[PDB]
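The next block holds one structure in the form of structure tokens; read it before the comments.
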Amino acid sequence: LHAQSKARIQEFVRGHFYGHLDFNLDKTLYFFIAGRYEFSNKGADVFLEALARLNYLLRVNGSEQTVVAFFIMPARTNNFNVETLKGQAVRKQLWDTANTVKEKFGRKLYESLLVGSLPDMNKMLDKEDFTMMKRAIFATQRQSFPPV
Amino acid sequence: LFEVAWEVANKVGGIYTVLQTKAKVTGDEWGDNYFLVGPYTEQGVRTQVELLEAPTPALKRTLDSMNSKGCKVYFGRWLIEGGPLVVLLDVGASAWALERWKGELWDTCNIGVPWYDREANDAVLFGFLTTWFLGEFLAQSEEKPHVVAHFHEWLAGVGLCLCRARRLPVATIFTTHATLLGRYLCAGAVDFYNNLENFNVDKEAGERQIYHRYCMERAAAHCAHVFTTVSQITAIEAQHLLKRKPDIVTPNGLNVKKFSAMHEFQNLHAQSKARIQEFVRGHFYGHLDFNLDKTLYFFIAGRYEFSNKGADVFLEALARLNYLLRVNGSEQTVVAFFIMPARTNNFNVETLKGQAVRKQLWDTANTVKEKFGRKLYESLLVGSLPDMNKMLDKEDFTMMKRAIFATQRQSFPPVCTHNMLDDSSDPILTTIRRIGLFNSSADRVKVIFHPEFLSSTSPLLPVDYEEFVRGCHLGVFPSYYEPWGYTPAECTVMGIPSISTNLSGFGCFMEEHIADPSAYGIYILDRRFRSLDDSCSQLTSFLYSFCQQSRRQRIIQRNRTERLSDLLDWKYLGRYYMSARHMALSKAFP
Amino acid sequence: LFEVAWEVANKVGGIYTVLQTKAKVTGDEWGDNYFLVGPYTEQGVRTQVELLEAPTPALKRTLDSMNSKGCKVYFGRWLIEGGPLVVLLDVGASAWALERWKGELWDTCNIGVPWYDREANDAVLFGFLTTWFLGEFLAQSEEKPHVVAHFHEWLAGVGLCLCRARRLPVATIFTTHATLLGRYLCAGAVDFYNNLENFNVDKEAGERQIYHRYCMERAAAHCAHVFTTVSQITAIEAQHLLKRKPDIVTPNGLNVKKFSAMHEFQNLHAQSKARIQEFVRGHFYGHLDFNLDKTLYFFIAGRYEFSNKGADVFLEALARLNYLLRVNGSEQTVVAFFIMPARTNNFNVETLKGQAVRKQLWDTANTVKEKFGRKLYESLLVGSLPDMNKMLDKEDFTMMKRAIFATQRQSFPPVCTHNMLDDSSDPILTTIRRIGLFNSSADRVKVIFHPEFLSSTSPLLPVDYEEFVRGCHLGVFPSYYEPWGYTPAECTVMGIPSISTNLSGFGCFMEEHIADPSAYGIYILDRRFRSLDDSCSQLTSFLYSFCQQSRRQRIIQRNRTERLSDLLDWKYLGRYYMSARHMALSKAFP
Ligand SMILES: O=P(O)(O)OC[C@@H]1O[C@@H](O)[C@H](O)[C@H](O)[C@H]1O
Ligand SMILES: O=P(O)(O)OC[C@@H]1O[C@@H](O)[C@H](O)[C@H](O)[C@H]1O
Ligand SMILES: O=P(O)(O)OC[C@@H]1O[C@@H](O)[C@H](O)[C@H](O)[C@H]1O
């Protein structure tokens, strides 16, 4: 139950970090604090400066481990964040592009296996899927920082 | 109007669907006066007719008289389209007066029936019950209206002459579908169509024990006010056999299922053809060395009749086409399906093995493509491009290599998708072996024999007959002795080209209504005035001509052939029935 | 033949694709004699033209003379269809003799150019280089052949009169696309088409600082042997403005991408429309109270021009249609898309929320259907039927109930799929608010504004412009000041009905070639002889008429409109160019 649920978190964080996924996600730690929105009585502040000290320490040891901290603190809010939903939509669009390309590759591989040969990757290029993948990568580019 | 037929409760022939489709237009024409007469069957009252215990609103006394006099009859609604008013007459209700009836039948039309033929006795008693019902009705109808009687089948028509023996003021119409003795003529190894001027009818009916059946058939034909026949060639054979020229021909019509879009019948052909390809790939694992985008699908369907359906002529025509295609250096390859239901046991192990191998290859492709999708997703997320240096993985190549190793085969693909019970006496396989079609790589014609009705419950070929017909490219029906022909009409309605002969009823009907029947895709032959070699050579020429067109030309041909569905619809064929009924009414009473 | 245009290296206008498509037919006509003249651009030599350092096989001395005399020129092949033989002339290679050239330009056509307009100076030097190249060529060609010069754009045409000033024996053709001053007329809040007989051209060119541009445009038009114009109305406005009646009209042609099947353009409409539905569902979560099978999709595309594209008239016509649909008690609902690229920032949070809600509903349906599939698989394996007493599970109903609870919404759906930078000065939103279209449940017209070019990289609407156009049902283009019109032509090629006006070039061209342009789906208006109210009422009547037809009638309309693609192809439009060239040759030298 921890194995699959963690995956559901990754699909979220990828969506929240489109255009900045420069760290290996297999070496990522997930910390969290939950409960009612109480500042001093729940230790949010101490957790925050402890994480700040950990960040300062991790930039001098030259380590690749990166941690993600969730704050499930129910507060009074209105609407959603446009950037977060945009990131989710971009992740889904990338998934759709990958699905289309993999379906084309599956068709070509099925034909080549039926005729009794091997894929030499000289025809999967197609000079057309590279265009759509290139413009997808162009769309993924971002300049501003991800939201908190 | 009264429709008399033996196929109202049982589906033994195609008359059932013909009557079911004609009921709508006949009811629309005749209002509430349309009544139909048929036998009562225990198996045809459960989900076949809604019995109406209430008396007919316009008829109360005759049913009471009939019930009180001993015979049992039922009224109701046929479970078909439109509003039918059907009557069912029991065959055992009046089985206690067969002796008296045949005693008083000697002086009427002078017909005798063997005692050991239950069906003939049932037909005779049905005719007696029908004529008794007409007599009672006209006695109780105050002679105010005029009654017209229509008879569709010869067993049901035996009572027609009985009415003519009772001086009943009714219009008598006799309609036949085929000659019973003619069916047995074609199995006598004697030419039939080229000797139509000389038949020793009496004896050939005599020693073949079909004498009396033809006897009352001809009696009904002669006594009828008007005589109708399904098609032109059937009319000619009736004139030269029954010695009575039919007044008018009555081709059978079929209801057409229209679509919202004209081109939808093309789309149904697009996907259904795909379902065929997945089959043929499975049947040709390890030998797929030809481009499948340049493949033609021919087929012949119907009951397993060798000479009467033209299987042999199609076979040698395809052999000639194969011989011709190996000297022109063409890449086109054709696949011919034989949907000939025969007696078989179990399946063919090689065919199922091929299906399983195709599915295994699909599974391997799915796994590899899922791995590629994962890798491509990761690379796109990080913001790069697949350079194909990591998709190799040094592991998937191993599984793909052993899959290709498994796909290798040495023996030839089989010609049958089943297991024949007998092989030393099956005409199809003997002819295939004789002409030399073994589905070899160097060949250009493939043969697939599937002796079973196509159904969605079958493990292989998970399509019914309609979808398979819609998926093919050209149906070849070189019929020899075919009264009307339903399968070519069905193919024409579906929107595909067909090959027929003037001998068949459909071919003769089409040849006399549309000029130049070659541009519309209904390739007509001539098996009446030409020898077998000429016919097979013409069929081979037609097959090569079909192979010659491009995809656009084939689309044009199918689109044009689609528009001919309106010709075969009942909306156009009802005119002949109207004319026959009007002529009968004029002959009976002005 | 020589083609002179400024849009050979830069794609600033639609002349690029016109020339690219015309190159094939022009080369096929002229063999290897087809040369094209264009400016040299640093950005248009990388992947835009294959430079040929080798001398022209039929021309060696002129290039050497040109290179030795100081100016730099290049030969090569344009990276377009067919075989093009293009020459690129640098704009800075001969930038050291502008003073001398304009000193000797005073006596030729008497044109003066401001010193602060770099584009005009570049055009003037391009004309000087072109006329110098022609002079060198004819001096070195031994005067054996005859040279014909064709000019497509006014900046490139300034040198044409220069040739006429040098007594060069060539045929002079001047082709224009639109009047520059006419564009600024339409923004002057003064009626333009009803006052075509009286223009104070000199002053209106004077105080608007477009005096000299019109000056050499008119000089080139007058000096040319033949004058051509894109369309009939453009020809009329040129005659009433440039005081020279064009000899013949030259409509622009477009290459058509044919398919294997005629009906394939229908199938591309079938699936693409589906991609629209998945969008609109997402934009109408919690308010889907109308049957989507009876929904019509209208759209207007092109550059963001308010009056010149007829957005306002379309808006009040749709408002009138909405008012009419609420009194007839009809269930038909129409959705109107406005692909009007404007300046925007970010997306709309509600739209993305709706897309996410639709995807979540899809996920819930997928989970429930997978559970149902598992249960049905088990029941079919055991040999039973689903009685629906166990699919309830008392658990999936909870998740479905909370999903339905989440879907509930109270506020109205938004009208824009983006976030406008400004809202107090945007004409579209102000008009929408004024006419009262808020996508309410009781309404019958929905408005969707998408101020961004459609692309496959967009998160919402993952389709490009072509697929979205193919998916709609009727494109409304009530153009007011449109010289030729490319979008309605593209829609007609795609195979969809369109609404245009005689004011537009496409509408005028269609109105004078096909009689009764209503049965083919090209609904023409009359904005020239009618007031605004009459035009909007006629548009509303046309919209209601389109809403009145059934699905079969719409299929007929689209099928018939598809066949008109051959009219707009270059294979038919090349005849006018041939006639113009022949007339020019006859005028120059018999
Ligand atoms: O707990 P982690 O360090 O994230 O390990 C990741 C996953 O943990 C558990 O779910 C299982 O051991 C999995 O086999 C492992 O892949
Ligand atoms: O009929 P064919 O020659 O097999 O053509 C193949 C298919 O035919 C029809 O279904 C359509 O035109 C398809 O677009 C086409 O792909
Ligand atoms: O064009 P419409 O009125 O939306 O019809 C809907 C679709 O149109 C075409 O794509 C085809 O005819 C489809 O068979 C039909 O389902």
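Please note that chains go A, B, ... in the order of the structure tokens, that every chain numbers its residues from 1, and that ligands are numbered from 1 in the order shown.
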Determine, using only C-alpha atoms and all ligand atoms, which residues of chain C have any atom at most 12 Å from an atom of ligand 3, and tabulate each with its shortest atom pair and distance in Å to one decimal place, rows ordered by chain and then rising number, as JSON lines.
```
{"residue": "C:263", "atom": "CA", "partner": "ligand 3", "partner_atom_place_in_ligand_line": "11 (C)", "distance": 8.9}
{"residue": "C:264", "atom": "CA", "partner": "ligand 3", "partner_atom_place_in_ligand_line": "10 (O)", "distance": 9.2}
{"residue": "C:265", "atom": "CA", "partner": "ligand 3", "partner_atom_place_in_ligand_line": "10 (O)", "distance": 8.4}
{"residue": "C:266", "atom": "CA", "partner": "ligand 3", "partner_atom_place_in_ligand_line": "10 (O)", "distance": 4.8}
{"residue": "C:267", "atom": "CA", "partner": "ligand 3", "partner_atom_place_in_ligand_line": "10 (O)", "distance": 5.2}
{"residue": "C:268", "atom": "CA", "partner": "ligand 3", "partner_atom_place_in_ligand_line": "10 (O)", "distance": 7.3}
{"residue": "C:269", "atom": "CA", "partner": "ligand 3", "partner_atom_place_in_ligand_line": "10 (O)", "distance": 5.1}
{"residue": "C:270", "atom": "CA", "partner": "ligand 3", "partner_atom_place_in_ligand_line": "10 (O)", "distance": 3.6}
{"residue": "C:271", "atom": "CA", "partner": "ligand 3", "partner_atom_place_in_ligand_line": "10 (O)", "distance": 7.4}
{"residue": "C:272", "atom": "CA", "partner": "ligand 3", "partner_atom_place_in_ligand_line": "10 (O)", "distance": 9.0}
{"residue": "C:273", "atom": "CA", "partner": "ligand 3", "partner_atom_place_in_ligand_line": "4 (O)", "distance": 7.6}
{"residue": "C:274", "atom": "CA", "partner": "ligand 3", "partner_atom_place_in_ligand_line": "4 (O)", "distance": 9.7}
{"residue": "C:276", "atom": "CA", "partner": "ligand 3", "partner_atom_place_in_ligand_line": "4 (O)", "distance": 11.6}
{"residue": "C:277", "atom": "CA", "partner": "ligand 3", "partner_atom_place_in_ligand_line": "4 (O)", "distance": 11.2}
{"residue": "C:292", "atom": "CA", "partner": "ligand 3", "partner_atom_place_in_ligand_line": "4 (O)", "distance": 10.3}
{"residue": "C:293", "atom": "CA", "partner": "ligand 3", "partner_atom_place_in_ligand_line": "4 (O)", "distance": 7.9}
{"residue": "C:294", "atom": "CA", "partner": "ligand 3", "partner_atom_place_in_ligand_line": "3 (O)", "distance": 8.3}
{"residue": "C:295", "atom": "CA", "partner": "ligand 3", "partner_atom_place_in_ligand_line": "4 (O)", "distance": 8.1}
{"residue": "C:296", "atom": "CA", "partner": "ligand 3", "partner_atom_place_in_ligand_line": "4 (O)", "distance": 7.6}
{"residue": "C:297", "atom": "CA", "partner": "ligand 3", "partner_atom_place_in_ligand_line": "4 (O)", "distance": 8.9}
{"residue": "C:298", "atom": "CA", "partner": "ligand 3", "partner_atom_place_in_ligand_line": "4 (O)", "distance": 11.8}
{"residue": "C:334", "atom": "CA", "partner": "ligand 3", "partner_atom_place_in_ligand_line": "4 (O)", "distance": 11.9}
{"residue": "C:470", "atom": "CA", "partner": "ligand 3", "partner_atom_place_in_ligand_line": "10 (O)", "distance": 9.9}
{"residue": "C:471", "atom": "CA", "partner": "ligand 3", "partner_atom_place_in_ligand_line": "4 (O)", "distance": 8.6}
{"residue": "C:472", "atom": "CA", "partner": "ligand 3", "partner_atom_place_in_ligand_line": "4 (O)", "distance": 8.3}
{"residue": "C:473", "atom": "CA", "partner": "ligand 3", "partner_atom_place_in_ligand_line": "1 (O)", "distance": 6.6}
{"residue": "C:474", "atom": "CA", "partner": "ligand 3", "partner_atom_place_in_ligand_line": "1 (O)", "distance": 9.8}
{"residue": "C:495", "atom": "CA", "partner": "ligand 3", "partner_atom_place_in_ligand_line": "1 (O)", "distance": 11.1}
{"residue": "C:496", "atom": "CA", "partner": "ligand 3", "partner_atom_place_in_ligand_line": "1 (O)", "distance": 9.4}
{"residue": "C:497", "atom": "CA", "partner": "ligand 3", "partner_atom_place_in_ligand_line": "1 (O)", "distance": 10.9}
{"residue": "C:546", "atom": "CA", "partner": "ligand 3", "partner_atom_place_in_ligand_line": "3 (O)", "distance": 11.0}
{"residue": "C:547", "atom": "CA", "partner": "ligand 3", "partner_atom_place_in_ligand_line": "3 (O)", "distance": 10.5}
{"residue": "C:548", "atom": "CA", "partner": "ligand 3", "partner_atom_place_in_ligand_line": "3 (O)", "distance": 11.6}
{"residue": "C:549", "atom": "CA", "partner": "ligand 3", "partner_atom_place_in_ligand_line": "3 (O)", "distance": 9.2}
{"residue": "C:550", "atom": "CA", "partner": "ligand 3", "partner_atom_place_in_ligand_line": "3 (O)", "distance": 7.3}
{"residue": "C:551", "atom": "CA", "partner": "ligand 3", "partner_atom_place_in_ligand_line": "3 (O)", "distance": 4.3}
{"residue": "C:552", "atom": "CA", "partner": "ligand 3", "partner_atom_place_in_ligand_line": "3 (O)", "distance": 7.2}
{"residue": "C:553", "atom": "CA", "partner": "ligand 3", "partner_atom_place_in_ligand_line": "3 (O)", "distance": 8.3}
{"residue": "C:554", "atom": "CA", "partner": "ligand 3", "partner_atom_place_in_ligand_line": "3 (O)", "distance": 5.7}
{"residue": "C:555", "atom": "CA", "partner": "ligand 3", "partner_atom_place_in_ligand_line": "1 (O)", "distance": 5.8}
{"residue": "C:556", "atom": "CA", "partner": "ligand 3", "partner_atom_place_in_ligand_line": "1 (O)", "distance": 9.5}
{"residue": "C:557", "atom": "CA", "partner": "ligand 3", "partner_atom_place_in_ligand_line": "1 (O)", "distance": 9.6}
{"residue": "C:558", "atom": "CA", "partner": "ligand 3", "partner_atom_place_in_ligand_line": "1 (O)", "distance": 8.0}
{"residue": "C:559", "atom": "CA", "partner": "ligand 3", "partner_atom_place_in_ligand_line": "12 (O)", "distance": 9.9}
```
Got a sec: who's within 12 Å of residue B:209, counting only C-alpha atoms, leaving out chain neighbours fewer than 5 positions off, as a ChimeraX atom specification? /B:113-114,117,180-181,184,202-204,214-215
Hey, what's within 12 Å of residue C:32 if we count only C-alpha atoms and toss same-chain stuff fewer than 5 positions away? As a PDB file with N, CA, C and O atoms, in the first residue's frame, please?
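Result file follows (result-v5.pdb):
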```pdb
ATOM      1  N   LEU C   1      11.166  33.833 -68.012  1.00  0.00           N
ATOM      2  CA  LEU C   1      10.272  34.662 -67.213  1.00  0.00           C
ATOM      3  C   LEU C   1      10.923  35.001 -65.876  1.00  0.00           C
ATOM      4  O   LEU C   1      11.667  34.198 -65.316  1.00  0.00           O
ATOM      5  N   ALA C  23       4.846  27.892 -58.104  1.00  0.00           N
ATOM      6  CA  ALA C  23       6.130  27.536 -58.696  1.00  0.00           C
ATOM      7  C   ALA C  23       6.043  26.231 -59.472  1.00  0.00           C
ATOM      8  O   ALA C  23       6.642  26.102 -60.544  1.00  0.00           O
ATOM      9  N   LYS C  24       5.303  25.251 -58.950  1.00  0.00           N
ATOM     10  CA  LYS C  24       5.206  23.959 -59.619  1.00  0.00           C
ATOM     11  C   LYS C  24       4.620  24.104 -61.018  1.00  0.00           C
ATOM     12  O   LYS C  24       5.210  23.647 -62.004  1.00  0.00           O
ATOM     13  N   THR C  26       4.199  26.862 -62.804  1.00  0.00           N
ATOM     14  CA  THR C  26       4.977  27.762 -63.650  1.00  0.00           C
ATOM     15  C   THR C  26       6.202  27.056 -64.220  1.00  0.00           C
ATOM     16  O   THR C  26       6.530  27.220 -65.401  1.00  0.00           O
ATOM     17  N   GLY C  27       6.888  26.262 -63.396  1.00  0.00           N
ATOM     18  CA  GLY C  27       8.014  25.493 -63.892  1.00  0.00           C
ATOM     19  C   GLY C  27       7.599  24.447 -64.904  1.00  0.00           C
ATOM     20  O   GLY C  27       8.266  24.262 -65.925  1.00  0.00           O
ATOM     21  N   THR C  56      25.232  29.331 -63.467  1.00  0.00           N
ATOM     22  CA  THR C  56      24.084  28.822 -64.203  1.00  0.00           C
ATOM     23  C   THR C  56      24.555  28.222 -65.523  1.00  0.00           C
ATOM     24  O   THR C  56      25.361  28.846 -66.226  1.00  0.00           O
ATOM     25  N   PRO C  57      24.096  27.020 -65.889  1.00  0.00           N
ATOM     26  CA  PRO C  57      24.585  26.400 -67.133  1.00  0.00           C
ATOM     27  C   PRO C  57      24.345  27.245 -68.370  1.00  0.00           C
ATOM     28  O   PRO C  57      25.155  27.199 -69.306  1.00  0.00           O
ATOM     29  N   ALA C  58      23.261  28.013 -68.410  1.00  0.00           N
ATOM     30  CA  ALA C  58      22.956  28.877 -69.539  1.00  0.00           C
ATOM     31  C   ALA C  58      23.325  30.333 -69.286  1.00  0.00           C
ATOM     32  O   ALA C  58      22.960  31.200 -70.085  1.00  0.00           O
ATOM     33  N   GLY C  82       8.544  21.640 -56.696  1.00  0.00           N
ATOM     34  CA  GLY C  82       8.962  21.864 -58.065  1.00  0.00           C
ATOM     35  C   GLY C  82      10.440  22.213 -58.149  1.00  0.00           C
ATOM     36  O   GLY C  82      11.196  22.114 -57.183  1.00  0.00           O
ATOM     37  N   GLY C  83      10.847  22.611 -59.351  1.00  0.00           N
ATOM     38  CA  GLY C  83      12.191  23.088 -59.570  1.00  0.00           C
ATOM     39  C   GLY C  83      12.253  24.594 -59.719  1.00  0.00           C
ATOM     40  O   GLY C  83      11.968  25.151 -60.785  1.00  0.00           O
ATOM     41  N   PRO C  84      12.631  25.289 -58.646  1.00  0.00           N
ATOM     42  CA  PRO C  84      12.805  26.743 -58.731  1.00  0.00           C
ATOM     43  C   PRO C  84      14.251  27.146 -58.982  1.00  0.00           C
ATOM     44  O   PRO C  84      15.178  26.508 -58.472  1.00  0.00           O
ATOM     45  N   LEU C  85      14.452  28.200 -59.762  1.00  0.00           N
ATOM     46  CA  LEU C  85      15.777  28.755 -60.029  1.00  0.00           C
ATOM     47  C   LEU C  85      15.782  30.182 -59.492  1.00  0.00           C
ATOM     48  O   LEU C  85      15.398  31.120 -60.196  1.00  0.00           O
ATOM     49  N   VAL C  86      16.218  30.346 -58.245  1.00  0.00           N
ATOM     50  CA  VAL C  86      16.062  31.604 -57.526  1.00  0.00           C
ATOM     51  C   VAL C  86      17.390  32.347 -57.485  1.00  0.00           C
ATOM     52  O   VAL C  86      18.475  31.747 -57.456  1.00  0.00           O
TER      53      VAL C  86
END
```
Please list as a ChimeraX atom specification every residue within 12 Å of stretch 68-76 of chain B, counting only C-alpha atoms and excluding residues in the same chain fewer than 2 positions away. /B:35-41,45,48-57,59-66,78-80,83-97,125-126,128-130,132-133,136
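The list of residues with at least one atom within 10 Å of residue B:368, based on only C-alpha atoms and without residues fewer than 6 positions apart in the same chain, reads residues 102, 105, 106 and 109 of chain A; 362, 374, 391, 396, 397, 399 and 400 of chain B.
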Export of prior selection with N, CA, C and O atoms as a compact mmCIF listing (two decimals), in the first residue's frame:
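Result written to out_32.txt:
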```txt
# COMPACT_ATOMS: atom_id res chain seq x y z
N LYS A 102 4.31 5.82 -28.59
CA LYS A 102 4.48 4.42 -28.26
C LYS A 102 3.49 3.54 -29.02
O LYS A 102 3.82 2.40 -29.35
N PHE A 105 5.07 3.20 -32.42
CA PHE A 105 6.18 2.26 -32.30
C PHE A 105 5.68 0.83 -32.16
O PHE A 105 6.27 -0.10 -32.72
N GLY A 106 4.60 0.63 -31.41
CA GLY A 106 4.04 -0.70 -31.27
C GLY A 106 3.52 -1.25 -32.59
O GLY A 106 3.72 -2.42 -32.90
N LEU A 109 6.62 -2.12 -34.71
CA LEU A 109 7.29 -3.30 -34.17
C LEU A 109 6.46 -4.55 -34.42
O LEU A 109 7.01 -5.62 -34.72
N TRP B 362 1.72 -10.15 -30.36
CA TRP B 362 1.08 -8.92 -29.92
C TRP B 362 1.45 -8.60 -28.47
O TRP B 362 1.70 -7.44 -28.13
N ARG B 374 7.54 4.14 -21.15
CA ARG B 374 8.08 4.58 -19.87
C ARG B 374 9.37 5.37 -20.06
O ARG B 374 9.54 6.46 -19.49
N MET B 391 17.09 2.19 -25.33
CA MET B 391 15.96 1.31 -25.60
C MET B 391 16.41 -0.11 -25.91
O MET B 391 15.58 -1.03 -25.87
N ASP B 396 15.61 -6.92 -23.92
CA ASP B 396 14.44 -7.07 -24.78
C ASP B 396 14.81 -7.68 -26.12
O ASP B 396 14.00 -8.39 -26.72
N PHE B 397 16.03 -7.42 -26.61
CA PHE B 397 16.47 -8.08 -27.83
C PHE B 397 16.50 -9.59 -27.68
O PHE B 397 16.20 -10.31 -28.63
N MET B 399 14.47 -11.52 -25.76
CA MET B 399 13.11 -12.05 -25.83
C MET B 399 12.54 -11.91 -27.24
O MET B 399 11.86 -12.81 -27.73
N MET B 400 12.82 -10.79 -27.90
CA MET B 400 12.37 -10.63 -29.28
C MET B 400 13.03 -11.65 -30.20
O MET B 400 12.38 -12.19 -31.11
```
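With atom CA of residue A:35 on one side and atom CA of residue A:21 on the other, the separation reads 29.7 Å.
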Taking only residues of chain B that have an atom at most 9 Å from an atom of chain A, what is each one's shortest atom pair and its distance in Å to one decimal, using only C-alpha atoms, in chain and number order, as a tab-separated table?
```
residue	atom	partner	partner_atom	distance
B:281	CA	A:114	CA	7.9
B:285	CA	A:114	CA	7.1
B:286	CA	A:116	CA	7.2
B:287	CA	A:115	CA	7.7
B:288	CA	A:115	CA	5.5
B:289	CA	A:115	CA	6.4
B:290	CA	A:115	CA	8.8
B:358	CA	A:114	CA	8.0
B:361	CA	A:110	CA	7.2
B:362	CA	A:110	CA	6.6
B:364	CA	A:110	CA	8.7
B:365	CA	A:110	CA	5.9
B:366	CA	A:106	CA	6.6
B:368	CA	A:106	CA	7.8
B:369	CA	A:106	CA	5.3
B:370	CA	A:102	CA	7.2
B:372	CA	A:102	CA	6.6
B:373	CA	A:102	CA	5.3
B:374	CA	A:98	CA	8.2
B:376	CA	A:98	CA	6.4
B:377	CA	A:98	CA	5.9
B:380	CA	A:137	CA	6.9
B:381	CA	A:21	CA	6.9
B:382	CA	A:21	CA	5.5
B:383	CA	A:137	CA	6.1
B:384	CA	A:137	CA	7.5
B:385	CA	A:133	CA	8.0
B:388	CA	A:121	CA	7.5
B:397	CA	A:118	CA	8.6
B:400	CA	A:118	CA	8.0
B:401	CA	A:118	CA	8.2
B:403	CA	A:113	CA	8.4
B:404	CA	A:116	CA	6.1
B:405	CA	A:116	CA	8.9
B:407	CA	A:116	CA	7.6
B:408	CA	A:116	CA	8.2
```
Interatomic distance (Å, one decimal) between atom CA of residue B:339 and atom CA of residue B:436: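 Answer for the atom CA of residue B:339 to atom CA of residue B:436 separation: 20.2 Å.
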Closest of A:48, A:57, A:67, A:33 to ligand 1 - atom-to-atom distances counting only C-alpha atoms and all ligand atoms: A:67
Out of B:260, B:535, B:10, B:110, which residue has the shortest atom-to-atom distance to chain C when counting only C-alpha atoms? B:260
